[PDB]
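Worksheet for the structure shown next.
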Amino acid sequence: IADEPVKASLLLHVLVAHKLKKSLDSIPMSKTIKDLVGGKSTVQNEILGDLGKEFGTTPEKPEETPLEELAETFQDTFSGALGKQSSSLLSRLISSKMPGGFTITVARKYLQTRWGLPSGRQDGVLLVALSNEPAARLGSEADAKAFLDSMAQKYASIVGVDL
Amino acid sequence: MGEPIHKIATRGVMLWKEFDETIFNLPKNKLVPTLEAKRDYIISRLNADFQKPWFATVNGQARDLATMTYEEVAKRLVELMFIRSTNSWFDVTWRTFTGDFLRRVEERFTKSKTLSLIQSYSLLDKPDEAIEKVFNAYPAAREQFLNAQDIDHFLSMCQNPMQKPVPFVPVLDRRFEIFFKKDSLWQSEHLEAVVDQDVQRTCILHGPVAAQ
Amino acid sequence: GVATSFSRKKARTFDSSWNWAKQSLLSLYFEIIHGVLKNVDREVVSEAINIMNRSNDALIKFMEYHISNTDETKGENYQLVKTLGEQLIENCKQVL
Amino acid sequence: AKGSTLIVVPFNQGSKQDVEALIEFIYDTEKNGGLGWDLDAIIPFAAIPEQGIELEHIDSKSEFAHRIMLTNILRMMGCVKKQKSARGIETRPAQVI
Amino acid sequence: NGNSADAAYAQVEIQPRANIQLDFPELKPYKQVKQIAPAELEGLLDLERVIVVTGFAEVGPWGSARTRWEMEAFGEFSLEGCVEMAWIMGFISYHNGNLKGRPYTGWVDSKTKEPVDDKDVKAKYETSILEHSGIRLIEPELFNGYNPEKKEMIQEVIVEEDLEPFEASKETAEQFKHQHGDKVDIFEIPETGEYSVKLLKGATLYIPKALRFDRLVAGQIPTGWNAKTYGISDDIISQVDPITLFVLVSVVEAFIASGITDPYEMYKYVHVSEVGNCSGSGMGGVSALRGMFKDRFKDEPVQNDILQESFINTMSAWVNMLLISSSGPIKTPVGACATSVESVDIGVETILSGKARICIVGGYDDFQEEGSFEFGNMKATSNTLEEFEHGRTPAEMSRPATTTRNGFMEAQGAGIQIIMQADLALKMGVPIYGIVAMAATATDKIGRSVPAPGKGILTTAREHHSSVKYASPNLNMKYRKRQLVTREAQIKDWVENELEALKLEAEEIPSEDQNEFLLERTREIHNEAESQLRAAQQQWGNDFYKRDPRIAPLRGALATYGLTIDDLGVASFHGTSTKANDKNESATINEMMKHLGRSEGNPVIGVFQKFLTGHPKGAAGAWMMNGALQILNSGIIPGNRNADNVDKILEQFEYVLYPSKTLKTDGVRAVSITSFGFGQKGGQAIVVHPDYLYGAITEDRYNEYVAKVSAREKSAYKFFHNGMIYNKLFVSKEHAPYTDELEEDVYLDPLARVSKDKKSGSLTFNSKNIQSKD
């Protein structure tokens, strides 16, 4: 399958979703962060700090503009490199939720083998996995394999890839 | 269904026309907020001018179902659906409706399994003594507004299709057009069964040109 | 069938008759005031017996107070309780 | 009534060890963990119902019932005789109803 | 004769539907309530200094105050109680629509969605309801998988031989390197760019081990209880400590019991600065403390603001932020087991000091693993393994005043009461469940045992008896009324003399300014006449015994309403079911009664509610106060059904009776509520029957009140049933009653009041009603 670097749009959506502890679909792309976190002033500047040290440079007054053009303004400079937040969140996802012995290298290898996804798509499927964190502990290899399968399906359906 | 109809321009049809222009043309999303806003106007006009009055009205005061006692409700049913002149229920399905409501009252205010006081709805063919009998066995029902479940049950009985439509609007919601416009043709031929025997409430179909 | 059930630790002891006497009297006193027990009821004599069988100086003063502060003008049932009281206080004094 | 006490204990009259333990409990002193009583009466009305069991049906349940209603009533009495004798009690007999 | 001849014979059976009632206090005719109180009471009391319990609620092991009371007083559920329990526990849910083709309106099983008739609820769910309510084996699924039979710990081991290297990210490898120093080797992997971590010999690891803990039983809120069922949104549920949900439900349910469906209604009557929150906890959000002390240490994912959720003052903050939007006092006490009585003590004084006119008072505490374990280590709680050895079932492990009592049962929940000035309660037409006659706290003395119960609260019965030959004229209500009448004539003279002096001063002012001058000075003389009368009433009616050392605060509190020490019918005991507590509290109440000359043979009737609910700590007295008010307004005194055998030691306390069965009495006039916290927190409260208030007002004011209450009750029953069936009892305020521009204008005008907005239909502060002359 053709390589494709992760879109700032997907990364932004996954980071916001994960940070609010909400399903990747529940958050609509065309809404300001301020509307999503209306009350909590703490989670406001906490999401802004997370997007700061993810995408380096941030637009002036970013929290009262919808995620539509924020994705575009980041994408302009952003070059599909996971950065720090998403790398640390994926490490935590693997180490805190995997069978044991099944590391991120083995997950990526399993994606590359069975689904034939290169590093660009692997980053994307893993970000989708982060958005749907099993919030427990995958029991056996078979459970983790099935989980990665169901995540690869969702990723493919989001980006528009066939398997 | 949105078909044009020539009617005699009575107060009722004037009301109908007004609502067609101002309420029933509005899109489904803006219908309910407009009804809420205009509730007190809409209820006054129904009660003054139309052949289907606002049901929840006690001594001319515009209540709601939620703010009406079970006795107030039963007396309003007998006042709208039982003809004093002919000393009979206009429709037998209306008598059933009223009995169903009295049995619900006994169900809500009895402490243990008992016999209904209304054993056959034929007893309601003298409605005042039947009311007094039910609200003497259950005098708590004179003082308590309708349970939210009984409001829901009432509104459910008002949409029963194996029944002549109710001669009143019980609620302002998304189905206000159906409550207002359904079964509007019999009243002109049965003025005894209209609020004040007022023709000016009713819909009378008639050609503009044949009216010369 | 022959499984052992007995254990010393599971033995339950009842011996607080001094407390139950006052409860028994009070329950009677209110049952007569509420007209649950009438003057013809044999359970009024059974409860008398039970209160006499537990009589002491704490119970006698408990009865004296509750009976000598019953307002008989409040109803028939109050005159009935006050009459039966005064009798029961005499009985409980004789059987102390 | 005044000076009465009631002591409710769980007990299987079917069990020999329950019978020994119950009597040995009633007759132990308060320090050792018992009532430090000395029985004046024994009323052994423990029974289990046998209905429909004729001679050819006599089985486990009947043989058990017979241990509750005879054998272990002789063990209760025996135990009460052993305890009274042990404590040299010869003028306070326990009436068996 | 066919089947048509027997159809007219056949007759219809009416099955009952549950018609749940808010059990507002019954209001007698003025003629009957005038007889209970002395004739001198009318006009005597300053009703702005009389505190009343206007509304109450709880969340606890038996559901609500309604369901708890049925279980406490009657030992079994009614149709109403059973339906209410099934709704709370989530077994039934309302349905109004299409159900398998036919249109249905009623209860349906919440899993199958099959219709359920109210009559069938007891046959279908009562067994489940009883099995999963009250004091019962700890349910792990209610405490984040906590199982006292398998209690996780970690033991520090030293490595003896190197571990198989494991994969880790660069960051977490550096973190493993930073901690272990030279006892670990982290190497980058060139291929992929992550790191291998090898723990060497002498490295420190923590290996999980499971301890079997001996406290297996607790008073837990019924299984199924969900804040969503009352209408609390998922974004609140996620944010806050589970304790806060109990407080938020208790506070809306208390407001409903007060007939206040919209809290903003209060602001038609009082400024925003006059609604206080005086409620408190012993430990606050212990689930958040776990979060920040254990879950953070174990690198588990915890919300960043978990700190704020732990503070005891944060539950009252959420109540202000979501329901009340007041700017009134906020005084959060921390009294351990006496918290809820300290809360009433503070809230009474907050109102008597003029700072607030309404307080929310009460307490709340959670049950979690760490507190359960620590209570076991102090041997405060009953050891459940010993109770099984004694053949006790969980239901009969809390048994106060019993011979064999051996530690309290930990429970969880909240209890709230709304208190306010009688004057405002009558004016608003809210129900009145009881008068708070007295509320006090006491420490004990010099000692070295923080958990030791003491006798400091004995001081509420402190009286000089050196010279008691002649009864003081101060106790005689006629004398006090005669002195108030003398003073009322002198105030009348004083107002005549100020009004003539104002007329003399008006002539010097030019006629164009004379109107405004006379308005401004007449209002001031009105204010100062009100103030002087209220001070007379206060000095003769309410506070006749503050400067008297021959009148105990406890005696004076009852004498206010014409009652005597003999009229204190019921004493709700802390009664935890511990050796030291139950003797000490008996002994204390006994000394109070004996000192105040309580009649020989008139013991107070002990009520030990913790036999049913268990000891919820903070919330303990808030439950006892909710039961005291239910005792008063019913005359039913519940029995301690776990009082198998009253301790022989307690017999010496002749002024106390320990009943085992409910006594339906002909009226209770007053109830004492005693609590004894950890850290020498003794507390008492006296609640008087509400009918002793109405003796102090006139028939026209009484009849006005009775009409307002009747109306408010009807409105509240409508609110309650709607909210129940559509899961919207709780409705979070999105906006304050003022805008952010009006905020400072409303805060600085004491006579600003909310007005019905026509457009929205909601209660808002309009700009016209701020610094208005009207």
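Here is the naming used below: chain letters follow the sequence lines, and residue numbers restart at 1 for every chain. Just the heavy atoms: all of them, side chains too, but no hydrogens, waters or symmetry mates, feed the values below.
Using modelled atom types, one side-chain atom of A:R121 and one backbone atom of A:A2 make a donor-acceptor pair closer than 3.5 Å. Not one N or O on the side chain of A:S87 forms a donor-acceptor pair closer than 3.5 Å with the backbone of A:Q85. Side chain of E:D295 to backbone of E:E300: no donor-acceptor contact under 3.5 angstrom is found. One N or O on the side chain of A:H13 and one on the backbone of A:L24 form a donor-acceptor pair closer than 3.5 Å. With E:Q220 contributing its side chain and E:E139 its backbone, the two residues share a donor-acceptor pair below 3.5 Å. The main-chain N or O of E:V247 is never found under 3.5 Å from a side-chain atom of E:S250 such that the two would form a donor-acceptor pair. A donor-acceptor distance shorter than 3.5 angstrom exists from the side chain of E:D365 to the backbone of E:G282, with no hydrogens or angles considered. A donor-acceptor pair under 3.5 Å is formed between the side chain of E:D262 and the backbone N or O of E:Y264. Side-chain atoms of A:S131 come within 3.5 Å of backbone N or O of A:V128 as a donor-acceptor pair. Counting only distance, with no hydrogens or angles, the side chain of E:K177 and the backbone of E:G181 share a donor-acceptor pair below 3.5 Å.
Looking at heavy atoms from C-beta onward, A:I1 lies in side-chain contact with A:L163 at the 4.5 angstrom threshold. Between E:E149 and E:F213, the closest side-chain pair of non-hydrogen atoms is not below 4.5 Å. Annotation: side chain of A:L130 is not in contact with side chain of A:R92 (no heavy-atom distance under 4.5 Å).
Applying the salt bridge (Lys or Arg N to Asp or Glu O under 4.0 Å) criterion to A:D162, with sequence neighbours excluded, gives no partner residue. Taking the side chain to side chain contact (heavy atoms under 4.5 Å, CB included) definition, one finds that E:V334 meets it with E:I312, sequence neighbours left out. For A:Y155, the ring-ring contact (aromatic ring centres under 6.0 Å, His included) criterion is met by no residue, not counting sequence neighbours. Here A:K84 pairs with A:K53 under the side chain to side chain contact (heavy atoms under 4.5 Å, CB included) rule; sequence neighbours left out. Here A:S91 pairs with nothing under the side chain to side chain donor-acceptor pair (under 3.5 Å) rule; sequence neighbours left out. Applying the side chain to side chain donor-acceptor pair (under 3.5 Å) rule to A:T32 yields the partners A:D35; only residues at least two apart in sequence or on another chain are considered. Scanning for ring-ring contact (aromatic ring centres under 6.0 Å, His included) contacts around E:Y146 gives an empty result, with sequence neighbours left out. Annotation: side chain to side chain contact (heavy atoms under 4.5 Å, CB included) contacts of A:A129 (sequence neighbours excluded): A:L93, A:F147, A:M151. Every residue meeting the side chain to side chain contact (heavy atoms under 4.5 Å, CB included) condition with A:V43, not counting sequence neighbours, appears here in chain and number order: A:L20, A:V37, A:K40, A:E46, A:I47.
The OG atom of E:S310 sits 11.0 Å away from the CD1 atom of E:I243 when rounded to the nearest 0.5 Å. Taken to the nearest 0.5 Å, the NZ atom of A:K19 stands 8.5 Å off from the CG atom of A:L89.
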Inset, instruction - Apply the test side-chain contact (heavy atoms from CB on, under 4.5 Å) to residues E:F730 and E:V249: give CA-CA distance (whole Å), side-chain angles for both, the deciding distance (0.1 Å), then the verdict. - result: CA-CA 7 Å; E:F730 174 105; E:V249 165; 5.9 Å; no

Inset, instruction - Would you please test E:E369 and E:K151 for salt bridge (charged side-chain N to carboxylate O under 4.0 Å, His left out) and show each step? - result: CA-CA 9 Å; E:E369 166 178 34; E:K151 188 201 158 60; 3.2 Å; yes

Inset, instruction - Carefully, step by step, assess E:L199 and E:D162 under the rule side-chain contact (heavy atoms from CB on, under 4.5 Å). - result: CA-CA 6 Å; E:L199 277 295; E:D162 297 38; over 6 Å; no

Inset, instruction - Decide yes or no on side-chain contact (heavy atoms from CB on, under 4.5 Å) for E:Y94 and E:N727, but give the supporting numbers first. - result: CA-CA 9 Å; E:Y94 180 72; E:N727 304 295; over 6 Å; no

Which pairs would a plain distance check flag for residues 57-72 of chain A, meaning a side-chain donor or acceptor within less than 3.5 Å of a matching protein atom at least two apart in sequence or in another chain?
{"from": "A:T65", "atom 1": "OG1", "to": "A:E69", "atom 2": "OE2", "distance (Å)": "2.7"}
{"from": "A:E68", "atom 1": "OE2", "to": "A:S30", "atom 2": "N", "distance (Å)": "3.4"}

Return all side-chain donor-acceptor pairs below 3.5 angstrom for residues 182-197 of chain E, not counting sequence neighbours, or 'none' if the list is empty.
{"from": "E:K183", "atom 1": "NZ", "to": "E:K201", "atom 2": "O", "distance (Å)": "3.1"}
{"from": "E:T192", "atom 1": "OG1", "to": "E:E194", "atom 2": "OE1", "distance (Å)": "2.8"}
{"from": "E:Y195", "atom 1": "OH", "to": "E:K170", "atom 2": "NZ", "distance (Å)": "2.7"}

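A ring-centre distance under 6.0 Å is found for A:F55 and A:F78.
For A:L127 against A:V14, the heavy-atom pair with the smallest separation is O-CG1, 3.1 Å. Nearest heavy-atom pair across A:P28 and A:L36 is CD-CD2, 4.3 Å.
Residue pairs meeting the salt bridge (charged side-chain N to carboxylate O under 4.0 Å, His left out) criterion with at least one member in residues 127-144 of chain A, sequence neighbours excluded: A:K97-A:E133.
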